[PDB]
Amino acid sequence: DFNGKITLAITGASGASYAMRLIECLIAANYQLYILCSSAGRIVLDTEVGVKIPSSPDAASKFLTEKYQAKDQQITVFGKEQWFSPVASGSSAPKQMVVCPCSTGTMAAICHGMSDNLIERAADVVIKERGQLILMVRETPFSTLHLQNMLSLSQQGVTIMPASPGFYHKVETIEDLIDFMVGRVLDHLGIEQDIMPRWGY
Amino acid sequence: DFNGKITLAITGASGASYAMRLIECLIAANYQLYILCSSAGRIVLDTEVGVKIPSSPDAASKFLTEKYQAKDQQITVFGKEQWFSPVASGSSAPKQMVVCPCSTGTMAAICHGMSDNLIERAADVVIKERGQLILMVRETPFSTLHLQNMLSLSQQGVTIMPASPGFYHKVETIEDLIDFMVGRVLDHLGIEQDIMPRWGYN
Amino acid sequence: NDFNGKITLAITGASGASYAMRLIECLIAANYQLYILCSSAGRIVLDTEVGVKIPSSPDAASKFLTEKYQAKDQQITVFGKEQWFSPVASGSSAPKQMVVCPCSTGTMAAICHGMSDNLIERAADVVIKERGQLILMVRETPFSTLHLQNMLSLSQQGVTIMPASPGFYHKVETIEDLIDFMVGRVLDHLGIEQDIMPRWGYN
Amino acid sequence: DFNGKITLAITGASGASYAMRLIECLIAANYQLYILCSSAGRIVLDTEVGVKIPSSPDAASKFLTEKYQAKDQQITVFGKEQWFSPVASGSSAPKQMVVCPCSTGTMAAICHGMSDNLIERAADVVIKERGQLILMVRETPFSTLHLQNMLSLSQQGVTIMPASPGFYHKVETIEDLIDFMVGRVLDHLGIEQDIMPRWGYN
Amino acid sequence: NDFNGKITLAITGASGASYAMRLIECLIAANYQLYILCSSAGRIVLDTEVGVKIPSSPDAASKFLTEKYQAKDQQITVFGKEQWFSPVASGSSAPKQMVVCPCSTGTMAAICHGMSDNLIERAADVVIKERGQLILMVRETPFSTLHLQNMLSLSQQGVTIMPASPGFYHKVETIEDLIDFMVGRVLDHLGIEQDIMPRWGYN
Amino acid sequence: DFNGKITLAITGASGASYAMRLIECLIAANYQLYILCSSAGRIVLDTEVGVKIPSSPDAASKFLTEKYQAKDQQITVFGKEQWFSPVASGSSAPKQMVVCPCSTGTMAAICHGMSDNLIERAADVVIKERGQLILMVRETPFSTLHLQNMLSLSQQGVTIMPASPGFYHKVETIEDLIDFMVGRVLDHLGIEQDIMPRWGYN
Amino acid sequence: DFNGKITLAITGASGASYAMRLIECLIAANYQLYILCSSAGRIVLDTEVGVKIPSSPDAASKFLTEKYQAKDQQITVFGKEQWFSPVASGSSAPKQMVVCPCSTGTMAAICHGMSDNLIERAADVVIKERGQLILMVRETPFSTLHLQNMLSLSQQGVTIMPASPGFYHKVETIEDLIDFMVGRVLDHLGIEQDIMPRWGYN
Amino acid sequence: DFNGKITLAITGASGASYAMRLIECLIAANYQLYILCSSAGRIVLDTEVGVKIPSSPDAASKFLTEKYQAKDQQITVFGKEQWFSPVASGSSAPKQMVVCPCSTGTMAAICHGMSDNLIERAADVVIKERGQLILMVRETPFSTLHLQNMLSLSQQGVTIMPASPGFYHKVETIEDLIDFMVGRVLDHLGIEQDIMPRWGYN
Ligand SMILES: Cc1cc2nc3c(=O)[nH]c(=O)nc-3n(C[C@H](O)[C@H](O)[C@H](O)COP(=O)(O)O)c2cc1C
Ligand SMILES: Cc1cc2nc3c(=O)[nH]c(=O)nc-3n(C[C@H](O)[C@H](O)[C@H](O)COP(=O)(O)O)c2cc1C
Ligand SMILES: Cc1cc2nc3c(=O)[nH]c(=O)nc-3n(C[C@H](O)[C@H](O)[C@H](O)COP(=O)(O)O)c2cc1C
Ligand SMILES: Cc1cc2nc3c(=O)[nH]c(=O)nc-3n(C[C@H](O)[C@H](O)[C@H](O)COP(=O)(O)O)c2cc1C
Ligand SMILES: Cc1cc2nc3c(=O)[nH]c(=O)nc-3n(C[C@H](O)[C@H](O)[C@H](O)COP(=O)(O)O)c2cc1C
Ligand SMILES: Cc1cc2nc3c(=O)[nH]c(=O)nc-3n(C[C@H](O)[C@H](O)[C@H](O)COP(=O)(O)O)c2cc1C
Ligand SMILES: Cc1cc2nc3c(=O)[nH]c(=O)nc-3n(C[C@H](O)[C@H](O)[C@H](O)COP(=O)(O)O)c2cc1C
Ligand SMILES: Cc1cc2nc3c(=O)[nH]c(=O)nc-3n(C[C@H](O)[C@H](O)[C@H](O)COP(=O)(O)O)c2cc1C
């Protein structure tokens, strides 16, 4: 039925709207989503976009499914230590994962392999199985230690995508900036998108 | 007269509006500016914000002065390879410099000391004189080599400041995101500002 | 405001609680405003080494310390473990000076690697990225290689690693003289006038 | 329509024949090409194989179209700083690029992310977007610094393919050596080829 | 011989002279034989911090310390700055255990880089090459990056870097309790039974 | 009572002229100096400028005091093992130090933390206390090991300022070269100077 | 008598022609050669150029002597583990050695000092005695690990000369490409050559 | 009847009188010079020493020829992309090259192998052919990135010779400082000179 499974982690960086719009576009492209959200991520979603994701995985899954009028099974949320989840094992996990937005703290944890929660274990799995991990980092300025951590991940095939949208297409609202970034994630995932033209400059 | 001199370099990355908004605020704050603009810079300023900066330094100074209604000598623009500029010698150059927006290619030339034009020499000088260089890099995703370049400069005390505006202050307009970044540049320069509040997270 | 400056002070679970308590006292006497963070291992060490039970709840702690030091109104605010709605948590708002004292090798390690897992680690990461001044008063001996790798990294990046190794070359009558050696060094580095450690050097 | 788009950049290293043959094979394989040529590249093409690429991009597109009897829009040449080309942006650029032949100076510029012209930007974009870049470097001997540069690009997923043809197959004429290299580039690009058989050693 | 083992003990010009004096006392009580090296900056610190004037001449120093500690015959021998005809100077002859205490960052640096410019540095270089145990009780704060680079190098190569950062989690009534914390740690690392620092850990 | 205290060490590199003139300017700028001089530096001073610094510290202080017509307490010299000097401890030492001229050997001692004499300890101190250390290194050519040493210091915030005078100003005389280096030192110290003009290139 | 002694090692990389031509030129330049051939080298010589080097060292010396019409003692072949050869000891070995052609596996063994056979020992001896070793490597594309290995040898004064002939001179036949490489090796060895002219680019 | 060929590059660092005195001595020692001058190097010679080198290469050869009363073919100036020059190919280039004065931007370009112009290609070729490159760097203070660039090249056998003259030989005039540096260059190149004597320290 679905076109593929993608793991999506939302962490406590600023940039909630990116994550909300990415999920909208993935659902519309008819992907199945396994969604992980950190406790700080929930705080940011509430403050920035007024979105309150219930803390219980079941209620969260139903909440998101209604928000996006998604199909049966299309969205599943897994809790912070739910090791039964498919994402926890290289024997079962999807091969694509996006962290959006991705805090420098979560980026750091994945860089060093702390694997202390489901989001960090999932990322560690995608890296070991040689899949695709994309981290949409939101911070500025960067410190040298942020850069060392990004460098290490990028050398190992992780895609560091800072939330730094461009303005060279006609930018007429905040949405168009949001769609710049989301369209780049989607191009990287190998998913047809029409939210960001291919005109170039 | 003025609270100080700042060197501003505009290069060909997207995010012209940041640079225009930065000039606007430094003028109102009564700083004197030495502005440098690469060719690709002007092309970006043109297509993104409809601002055709003349490529002659003298006409460029008058245009910007007029555009910002600046005082006499408050803005001086210098040419691609105009070595008499005060920015080209450690004996004379200002100690604060911002490259906004900063292409990955200019970041790279600065990283490695290419010093091939006035912008690159000007940055090399601030670095050797132990001044403050701030580079507003606008590119995504980063490649590994981007990240090696950035890490090398950052270790050497250059502030890598990617154009990654935050959204926690409540954004209703693109101008709030522009002001997010410009306000961070101003904080770093030690310039009082009220375009981005000090509330933090509420 | 109404104060000379703002300082962020984090207490973590290394031995050396008496250095932290003396440092707060001197900073208050100097009329600085303090944002205090304290980890739970931190409170355990305070409790066992100097008998000071800081309430775990941030309002109650602010009051407790305020009364302890007879501090002015809003001079001391404690913030809790994940209280992100705290000015220390954002570069838009935070103090440019922070001291971790005593700093456990675990907190130093989490700062070194950027873990930013609680308010203490985030506040440090912010100070680092904003190019402020972070001082870490590490208390541990011996060092391992990995401790040294972590301290080295931080020191290359402009973080001041100040082990709690007091000197004895001044008048040492009491333990208080050694506490004051280290607190005197922190104050000098913070740019704060102090008379607890004379400037005579070696005689 | 076409089987895919490829970016080709010709630079000022010896080995113009490799490039001309590579174009011939991609045209016959029904690929669409975006061709970039450096000024040194043009001088090399001229002196080595008598091929004079018009200075004008439109004139060059037609000249090559005509030379290879290529279909409509199958060959588009772009100029030195034509930032409006598809190749300059990650939102638009092809995911495969070859630099044939590749001078050590252009390999250097790409290694360090200098991105000063369309070739180096095109490269940097391919690298950041995680596509495939192949560099047919021609120089001998190598210096340590050449090797450092190749090393870092290689670690970053760029294919350093020196123009070092082998002789273990049927070597009669120079064309067999040219075809050795071109066939290796075609195998890497994933394109069906029979100018170099798969017998291996015999 | 007639002793439990041989230990090389070097005193250098860092603050912390009272750690060295207490360490000799415990080693003597434990019936170890000591080869003592003392630098001239070392004697200056001993003199100013604890009032102990070790004669610069090796015979006179051996007698002075022997009497100070009421040591047995040949239990303490001091050796002078370039006294190469000393068993510490050759791998064919030297003790396999050495402590520098207090260890200045200058002596740590000369050992790190292999300078071997006097008997102290040579004796350390020997212990290192013979795969023995070298403990360095560094006293300095803050650390610089270059200090940390030097300590890191040494620690990777199996040298124990033991900063003089005493803990407070045990019963601390006096300064002597903090001196005994560090001396207790040196003894534990040397494999020497000691009761000056209890083994109760944290309560 | 002076504008501040600076530590200045004179070591056995050629360039005694630069040291003598820095001292002149710092005295006229009303700074208090603590001077250290190596026995090799004393030999260089005697042979190059015929200045004979006496060996005893008290006689040294008086000699330099006399020579510069300095005020009371303005110049104090300290001997090579004079650990009572305020420069020996982070609890008491000035936050600015210059080694002029600086031999490759003393730069090496400082690079590696040898801290063998007062000059080396004073530098070690300034570094660990995060002050400002400036090393006017005179040597040519550099070896690789000299460069490794300077790179290590520079990465750690020490200013490696080779005695490499420029000629773009009005160079009528040797003093013009001495003043180029001295002026650059004083700018780094944050001390107003007018011996080297602040227009750059002309 | 002879102008000097050179060690030549042939290994199992493609490019046997380069080696045969190199020998021809050194013989005509009156050098004395100590030749080593690996078993893979022999297989390559056979399949590429029909040259069957006798398995026996004495038979190989005569076979080559005869092939090049060389003088008495001008060519001595030595076997795989003939440690009694001059080439195996630093007390005796020639100070110039070429490995032509050089497989990436023998370049690897030399990079890491494996010294398992006469070729690798000969190499290691040349390197330790600070003579000149040249490695004509033939492989494409390069892997990262190939590049790491070449890098470390290059940093250590070994000449990595890939078999990447250029085409800027008069290219008519394959012999002109062979002569390009051989002439570069002869220039490095310091030996007068006219198979590759010095006109440079025209 | 020239003793040898030297490539001499003049770049945009201060110290033009070094380069002019170096050509004088090399012409008196009967060496043949191939001189390259960048556009920033012209500007420096014009302003510092009042020498205006014509922009076209033939007029510039004639100009310098007359200036030093050089012999027929003793001096040839080559333009910034005159790739037909002997210096641009390893097959033909001189084995000794001096960059004097050397900017930090030209030192960087050579460090990372940019090879963007004839000066940078010439250097890249001297390095790959294992000749001798000497870089007379004039800048102070150095930044960490300057030091990283120098270190890399020195590790690779390039001689980093900063323009840091000594004073231990009795210094009459500025000329004695110029002659200190030029004598060191000449000593490095292996050319007898009597402008800086050999008595060392007295
Ligand atoms: C409103 C808000 C916005 C934040 N924005 C960022 C940010 O943009 N970047 C960042 O690195 N941390 C940010 N933080 C801090 C992280 O939330 C903090 O480091 C937390 O420990 C992250 O936890 P997580 O990585 O488990 O999500 C923010 C916090 C809040 C409350
Ligand atoms: C509309 C437009 C937008 C561009 N945006 C970027 C950008 O966001 N980041 C970047 O690194 N380069 C960007 N480029 C490419 C640079 O302009 C190009 O690499 C050029 O060589 C920069 O030179 P400069 O650094 O001298 O300005 C852009 C070009 C155009 C035409
Ligand atoms: C009484 C006591 C003393 C401690 N002393 C130290 C110490 O001196 N150094 C250290 O690194 N950790 C010490 N610890 C361990 C830390 O408390 C432990 O590593 C903890 O996880 C640190 O957490 P924190 O960094 O969040 O405060 C001590 C613990 C206790 C209970
Ligand atoms: C006829 C000719 C042949 C050349 N061959 C080579 C070569 O094989 N390798 C190389 O690295 N450079 C070679 N060059 C030099 C490059 O052309 C030079 O470094 C130039 O600056 C490269 O510019 P580009 O990288 O923009 O093409 C050659 C030059 C000419 C004129
Ligand atoms: C009273 C006094 C206390 C000192 N304290 C220290 C210290 O605690 N740490 C340090 O590295 N050096 C200290 N020094 C400096 C060393 O004595 C100085 O670096 C000396 O050269 C060390 O020589 P040594 O390593 O040969 O003993 C002190 C000096 C004096 C006079
Ligand atoms: C006349 C003279 C000039 C010297 N010039 C230099 C110099 O320019 N650079 C240098 O590194 N060493 C120079 N030296 C050598 C240093 O003096 C020597 O290495 C000494 O050991 C350094 O001692 P110091 O670092 O304690 O002062 C010179 C020596 C003499 C006698
Ligand atoms: C016909 C033929 C051609 C070969 N060409 C190459 C080559 O060009 N490059 C290479 O690295 N190995 C090549 N090999 C593989 C090497 O022969 C192989 O790695 C062998 O183990 C090398 O042994 P040697 O290094 O002792 O000569 C070739 C093998 C054969 C049979
Ligand atoms: C009068 C004058 C003096 C200069 N001196 C120096 C210098 O001493 N060192 C330096 O690195 N750059 C110096 N520059 C800057 C270089 O000329 C500049 O970075 C230029 O881009 C170098 O280009 P080139 O390397 O192609 O010659 C100077 C410029 C002028 C106008």
# chains A, B, ... in the order shown; residues from 1 in each chain; ligands from 1
call {"tool": "select_by_dssp", "arguments": {"residues": "region 39-122 of chain C", "states": "helix (DSSP H, G or I)", "output": "ChimeraX atom specification"}}
result
/C:40-50,58-69,87-89,105-113,119-122
call {"tool": "residues_near_ligand", "arguments": {"ligand": "ligand 1", "cutoff": "6 Å", "atoms": "only C-alpha atoms and all ligand atoms", "output": "PyMOL selection string"}}
result
(chain A and resi 11-14+38+40-41+44+103-106+138-139) or (chain B and resi 168+201) or (chain C and resi 84+116-118+122)
call {"tool": "closest_atom_pairs", "arguments": {"of": "chain H", "to": "ligand 4", "cutoff": "10 Å", "atoms": "only C-alpha atoms and all ligand atoms", "output": "tab-separated table"}}
result
residue	atom	partner	partner_atom_place_in_ligand_line	distance
H:80	CA	ligand 4	21 (O)	9.6
H:81	CA	ligand 4	21 (O)	7.5
H:82	CA	ligand 4	31 (C)	7.8
H:83	CA	ligand 4	31 (C)	4.6
H:84	CA	ligand 4	31 (C)	6.3
H:85	CA	ligand 4	31 (C)	8.9
H:88	CA	ligand 4	15 (C)	6.8
H:89	CA	ligand 4	28 (C)	7.3
H:90	CA	ligand 4	6 (C)	9.5
H:113	CA	ligand 4	19 (O)	9.0
H:114	CA	ligand 4	19 (O)	7.7
H:115	CA	ligand 4	19 (O)	4.6
H:116	CA	ligand 4	21 (O)	4.2
H:117	CA	ligand 4	21 (O)	5.1
H:118	CA	ligand 4	21 (O)	6.9
H:119	CA	ligand 4	21 (O)	9.5
H:120	CA	ligand 4	19 (O)	7.7
H:121	CA	ligand 4	19 (O)	5.1
H:122	CA	ligand 4	19 (O)	8.7
H:124	CA	ligand 4	19 (O)	8.4
H:125	CA	ligand 4	11 (O)	8.8
call {"tool": "write_last_selection", "arguments": {"atoms": "C-alpha atoms", "output": "PDB file, in the first residue's frame"}}
result
ATOM      1  CA  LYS H  80      50.583  35.394 -16.179  1.00  0.00           C
ATOM      2  CA  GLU H  81      49.053  32.741 -18.554  1.00  0.00           C
ATOM      3  CA  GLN H  82      51.893  32.207 -21.011  1.00  0.00           C
ATOM      4  CA  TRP H  83      51.827  28.484 -20.778  1.00  0.00           C
ATOM      5  CA  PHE H  84      54.223  28.059 -23.645  1.00  0.00           C
ATOM      6  CA  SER H  85      56.941  29.184 -21.184  1.00  0.00           C
ATOM      7  CA  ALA H  88      55.049  25.677 -16.982  1.00  0.00           C
ATOM      8  CA  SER H  89      56.100  22.023 -17.778  1.00  0.00           C
ATOM      9  CA  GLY H  90      58.080  19.507 -15.844  1.00  0.00           C
ATOM     10  CA  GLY H 113      48.376  23.473  -5.215  1.00  0.00           C
ATOM     11  CA  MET H 114      45.934  25.982  -6.777  1.00  0.00           C
ATOM     12  CA  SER H 115      48.051  26.376  -9.947  1.00  0.00           C
ATOM     13  CA  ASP H 116      45.754  29.220 -11.176  1.00  0.00           C
ATOM     14  CA  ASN H 117      48.419  31.210 -12.982  1.00  0.00           C
ATOM     15  CA  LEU H 118      51.954  30.818 -14.270  1.00  0.00           C
ATOM     16  CA  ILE H 119      53.660  31.616 -10.997  1.00  0.00           C
ATOM     17  CA  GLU H 120      51.591  28.945  -9.172  1.00  0.00           C
ATOM     18  CA  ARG H 121      52.026  26.390 -11.967  1.00  0.00           C
ATOM     19  CA  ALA H 122      55.817  26.996 -12.044  1.00  0.00           C
ATOM     20  CA  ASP H 124      53.756  23.321  -8.417  1.00  0.00           C
ATOM     21  CA  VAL H 125      56.117  21.947 -11.113  1.00  0.00           C
TER      22      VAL H 125
END
call {"tool": "residues_near_ligand", "arguments": {"ligand": "ligand 7", "cutoff": "9 Å", "atoms": "only C-alpha atoms and all ligand atoms", "output": "ChimeraX atom specification"}}
result
/D:164-169,200-202 /G:10-15,37-48,101-109,117,119,137-140
call {"tool": "write_last_selection", "arguments": {"atoms": "C-alpha atoms", "output": "PDB file, in the first residue's frame"}}
result
ATOM      1  CA  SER D 164      46.954   5.608 -16.489  1.00  0.00           C
ATOM      2  CA  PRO D 165      45.648   3.237 -19.135  1.00  0.00           C
ATOM      3  CA  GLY D 166      46.547  -0.410 -18.956  1.00  0.00           C
ATOM      4  CA  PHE D 167      47.962  -2.596 -21.789  1.00  0.00           C
ATOM      5  CA  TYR D 168      46.674  -6.063 -20.925  1.00  0.00           C
ATOM      6  CA  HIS D 169      43.844  -6.039 -23.406  1.00  0.00           C
ATOM      7  CA  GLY D 200      39.968  -9.269 -17.906  1.00  0.00           C
ATOM      8  CA  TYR D 201      43.432 -10.827 -18.002  1.00  0.00           C
ATOM      9  CA  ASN D 202      44.209 -13.721 -20.453  1.00  0.00           C
TER      10      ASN D 202
ATOM     11  CA  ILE G  10      59.713  -5.340 -12.485  1.00  0.00           C
ATOM     12  CA  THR G  11      56.395  -6.180 -10.869  1.00  0.00           C
ATOM     13  CA  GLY G  12      53.000  -7.437 -11.858  1.00  0.00           C
ATOM     14  CA  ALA G  13      51.321  -4.315 -13.005  1.00  0.00           C
ATOM     15  CA  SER G  14      50.340  -3.640 -16.646  1.00  0.00           C
ATOM     16  CA  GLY G  15      52.897  -1.603 -18.551  1.00  0.00           C
ATOM     17  CA  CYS G  37      61.527  -9.591 -11.469  1.00  0.00           C
ATOM     18  CA  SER G  38      58.534 -10.861  -9.447  1.00  0.00           C
ATOM     19  CA  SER G  39      56.604 -14.018 -10.566  1.00  0.00           C
ATOM     20  CA  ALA G  40      53.609 -11.771 -11.423  1.00  0.00           C
ATOM     21  CA  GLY G  41      56.065  -9.517 -13.285  1.00  0.00           C
ATOM     22  CA  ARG G  42      57.173 -12.451 -15.437  1.00  0.00           C
ATOM     23  CA  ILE G  43      53.509 -13.290 -16.245  1.00  0.00           C
ATOM     24  CA  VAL G  44      52.874  -9.717 -17.255  1.00  0.00           C
ATOM     25  CA  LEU G  45      55.982  -9.501 -19.470  1.00  0.00           C
ATOM     26  CA  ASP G  46      54.897 -12.685 -21.172  1.00  0.00           C
ATOM     27  CA  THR G  47      51.272 -11.826 -21.835  1.00  0.00           C
ATOM     28  CA  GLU G  48      51.892  -8.189 -22.782  1.00  0.00           C
ATOM     29  CA  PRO G 101      56.020  -1.134 -13.551  1.00  0.00           C
ATOM     30  CA  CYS G 102      54.911  -1.058  -9.884  1.00  0.00           C
ATOM     31  CA  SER G 103      51.814  -2.813  -8.701  1.00  0.00           C
ATOM     32  CA  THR G 104      49.814  -1.342  -5.939  1.00  0.00           C
ATOM     33  CA  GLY G 105      50.603  -4.470  -3.897  1.00  0.00           C
ATOM     34  CA  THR G 106      54.382  -4.013  -4.117  1.00  0.00           C
ATOM     35  CA  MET G 107      53.978  -0.244  -3.522  1.00  0.00           C
ATOM     36  CA  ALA G 108      51.997  -1.310  -0.383  1.00  0.00           C
ATOM     37  CA  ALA G 109      54.631  -3.663   0.811  1.00  0.00           C
ATOM     38  CA  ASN G 117      61.498 -10.712  -0.726  1.00  0.00           C
ATOM     39  CA  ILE G 119      62.503  -6.416  -4.231  1.00  0.00           C
ATOM     40  CA  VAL G 137      52.633   2.870 -10.450  1.00  0.00           C
ATOM     41  CA  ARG G 138      50.002   1.721 -12.893  1.00  0.00           C
ATOM     42  CA  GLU G 139      46.469   1.470 -11.646  1.00  0.00           C
ATOM     43  CA  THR G 140      43.207   3.237 -12.091  1.00  0.00           C
TER      44      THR G 140
END
call {"tool": "residues_around", "arguments": {"residues": "residue 126 (chain G)", "least_positions_apart": "5", "cutoff": "8 Å", "atoms": "only C-alpha atoms", "output": "count of residues only"}}
result
9
